[PDB]
Amino acid sequence: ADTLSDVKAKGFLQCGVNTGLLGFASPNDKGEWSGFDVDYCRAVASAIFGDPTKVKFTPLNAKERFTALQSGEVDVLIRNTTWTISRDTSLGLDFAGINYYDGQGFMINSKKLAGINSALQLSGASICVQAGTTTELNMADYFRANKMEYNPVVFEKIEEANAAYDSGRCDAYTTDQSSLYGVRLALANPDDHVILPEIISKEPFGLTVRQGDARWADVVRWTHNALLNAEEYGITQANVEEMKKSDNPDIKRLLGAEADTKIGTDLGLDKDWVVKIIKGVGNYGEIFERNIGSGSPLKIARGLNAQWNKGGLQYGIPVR
Amino acid sequence: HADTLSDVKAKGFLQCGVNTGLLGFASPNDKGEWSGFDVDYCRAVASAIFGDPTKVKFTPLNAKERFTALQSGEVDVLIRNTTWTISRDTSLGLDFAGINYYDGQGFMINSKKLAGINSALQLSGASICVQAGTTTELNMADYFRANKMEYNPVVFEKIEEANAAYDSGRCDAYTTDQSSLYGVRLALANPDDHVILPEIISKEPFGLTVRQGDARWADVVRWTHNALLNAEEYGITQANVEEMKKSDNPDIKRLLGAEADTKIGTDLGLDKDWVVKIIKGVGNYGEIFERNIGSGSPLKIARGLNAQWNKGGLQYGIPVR
Ligand SMILES: N[C@@H](CCC(=O)N[C@@H](CS)C(=O)NCC(=O)O)C(=O)O
Ligand SMILES: N[C@@H](CCC(=O)N[C@@H](CS)C(=O)NCC(=O)O)C(=O)O
Ligand code: NA
Ligand code: NA
C-alpha cells in the first residue's frame, strides 16, 4: 500500500468526517465544511499540496465510519473517534496521534430537571446515546458500578438523538464533553442546558488510518506533531514566513530552512511542508481557538489539550 | 507476511535490544543478570506473552549499533533510552509503540572543580563530552550556536570512554538526557561532587522502538505499555492484582480479563489474562519507576513529566476498551 502516492496522484485528500457537529465538523448551506477536525483534514492537505482546499469530505455516522476507512473510501478518519485497544487490534486500523483528549459526560435541561447537579442523581433517567460508540458501553459500566437504574434510548442518527433530548423525551444526553458543547448550540434554548461535572471515561480522539502503510501513517502523525511544535515555538499563520529566518535552530529545522535538511523529503513531502501546514491552517492553538475555544461560540478551555509545558497533555514529538 | 509475535512464541523467549550499561535503566551484574527501568519494560512484554518475566534474552547495544540490530531482525524490540524523532520514524523503517519516559537534554559539571558555575549558559569554551550517534550531539551544537557560546565538543564512541574522560577532568562537562546524567553520576568516583545544571535544551521522549510493517507486533508492545499505565491509574499493583481480578469495578474487571466473553487479550494475540501476567511479572508503571529510578532507587528522580496524566504529568494510558 502507498496511500501517499495515491493521494498525490488524484490531487486531493478524501477525509471521513462527522455528519454535523458544531465546532468539530459541520457544513454550511453550500456544503462547505468547517471545524476543528475539518481543519485537521485541511492541515494534512496543506502538508501535501500547499492548499487547504484540496479535500473531499465524506460525512459518516457512528456506525459506518470504520467501514469507510477499511474499504478505502476515505484516506483518513478524523471524526471525534476514540482510540481504544479493540479498535487498534481488531479492525485493521492504526492511530497516528491524539488531536483532542476528551472524556464522557452528561447534559441535562436545568429548567426541566431542577435539583439535578450530579450524574449520580440520574437513576431512573431516560438517556439518549448513539449506537456504535464507546459512549453506550461506558454509560452501562458507570450506572452498573454506581448501582443506578437507567433507560438507555439508543439512536442511529445524531439528529434523532438531539431531537428526542431537546423535546424532553430523554432526560439526559450522553457523549464526549466537547461534543456536548456542540450539541448544546444546536438546541432550541442552549442556555437552559447544563453539562454535569462528572467525567466517566477517557476518550482520546484519534487520527485514524489503515494498518499496513507506515509511510501514510507517518504523514498524518507528523502533520499533527508539526501543528504542536509550531504552537510551542510561537510560530503562527501570521508570522511563519518571517519565522523561516529565525536564529533558533529548532525553528529553522522545523520550517525547512536548514542547510541540506532531508526531513521533509524523508517524509515524502517537500522541504517546507511545515510552512505549508501553518500557512494553510495556523498552529494547533489557532485551530483550537477559532473552532472550539475563545474564538468560537463553544468557549471550551484548553485544559488537557494545552501544551505539555503549560499543564496540558499535547506534546509535539521533536522534528529532529 | 511478517509476524514477530508468532516467531517470538515459537523460539520461546523475547530478544531485546538494551543499553550496554546505564544505572537505573539497563545494567548487568557480574553474572550477566539484567535490571533497570527499560529492562523491566522488556520483561513486561515477556510477561504479556509468556507469563514469565525471565523468558527474555538481552542484546547490549551502543548508540551506533542499536538501530541496525533492530532493522536486521537481531532483536525483536529496542527499549533503550532512545529518542523518538521524525527522522528515526521516517528514514529507518522503524515505528514507535509508545513513550515510556519523557526526558530532555541537560549538562553536568563537577561543582568542586568548576565552582561558580550554576547555568549551562556559563559553559562557553568548556570541553563537553558527548557520544556519537545521538540526538545529544546535534542538540548541543544547536544550543551553543544559538547562544553564541564557544563550542568544544569531545566526541566518544563508547559510554565508558565518555565517563572516564569526564571524571578524570579531561572534559569540563558531560551532556546527555537528564535521567541518564543521574545514572552516569552514580558510576563516578565521587557522585556527590556533581551537579546537574538547571537548563533543559531539548525534548527527548524515550520510545518503544519496533520495525515498520508488523502492526500485530507493534500492538503488543504498545498495549503492554498502556496496560502498565492503566493499572497504575486504577491502583492495581504486583501485590494486589490477584485480588483485584475479583473487583466489581467494570474498568478493572475488563482490564484484568475477568469480564465474561471478553475478547481483548485474544484479539491482541495473547491470553485473556495478559494484563494480570504483566502486573504479576513487573508490577505497574509506577512500581517500575520507583524501584529503578524513583524514590525506591539511588537515583531519586521525581515523577515530573512521567507522573500520571491526572496527577500533573504526561503519561496517559489509552483506554482498554
Ligand atoms: N468518541 C466516541 C463518540 C463518537 C461519536 O460518534 N459521537 C457522536 C455523538 S456527538 C457523533 O459524532 N454523531 C454524529 C453522527 O453519528 O453522525 C466514539 O468514538 O465512539
Ligand atoms: N536519547 C538519546 C541518547 C541515547 C544514548 O545513547 N545515550 C547514551 C549516553 S547515557 C547511552 O545510552 N550510551 C550507552 C551506550 O552507547 O552503550 C538518543 O536517543 O540519541
Ligand atoms: Na493497530
Ligand atoms: Na515510522
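Both backbone and side-chain heavy atoms feed into the values below; hydrogens, waters and symmetry mates do not. Numbers restart at 1 for each chain; the letters A, B, ... are given by sequence-line order, proteins then strands.
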Under 4.5 Å from a heavy atom of chain A, the part of B:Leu138 involved: both

message: Is the shortest side-chain heavy-atom distance between A:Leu267 and B:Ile86 below 4.5 Å?
response: yes

- prompt: Heavy-atom distance under 4.5 Å to chain A: side chain of B:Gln315, backbone, both or neither?
  reply: neither

- prompt: Is a side-chain N or O of A:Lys202 found less than 3.5 angstrom from the main chain of B:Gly317, in a donor-acceptor match?
  reply: yes

- prompt: Salt bridge between A:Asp141 and B:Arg254, side-chain N to carboxylate O under 4.0 Å?
  reply: yes

field: Most contacts with chain A, counted as non-hydrogen pairs under 4.5 angstrom, among B:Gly93, B:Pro319, B:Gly313
entry: B:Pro319

Residue pair A:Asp218 / B:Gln212, side-chain heavy-atom distance below 4.5 Å: yes

field: Reported CH2-to-CG distance for the pair B:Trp223 and A:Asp88, which is rounded to 0.5 angstrom
entry: 6.0 Å

- prompt: For B:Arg321, which of A:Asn138, A:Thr134, A:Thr84, A:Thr82 qualifies under side chain to side chain donor-acceptor pair (under 3.5 Å)?
  reply: A:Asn138

- prompt: To the nearest 0.5 Å, what is the distance between CG (A:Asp250) and OH (B:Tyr143)?
  reply: 12.0 Å

message: According to ring pair (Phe, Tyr, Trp, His ring centres under 6.0 Å), who are the partners of B:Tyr316, at least two apart in sequence or on a separate chain?
response: A:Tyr101, B:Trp309

message: What's the separation between atom CZ in B:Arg222 and atom CH2 in A:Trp83, rounded to the nearest 0.5 Å?
response: 5.5 Å

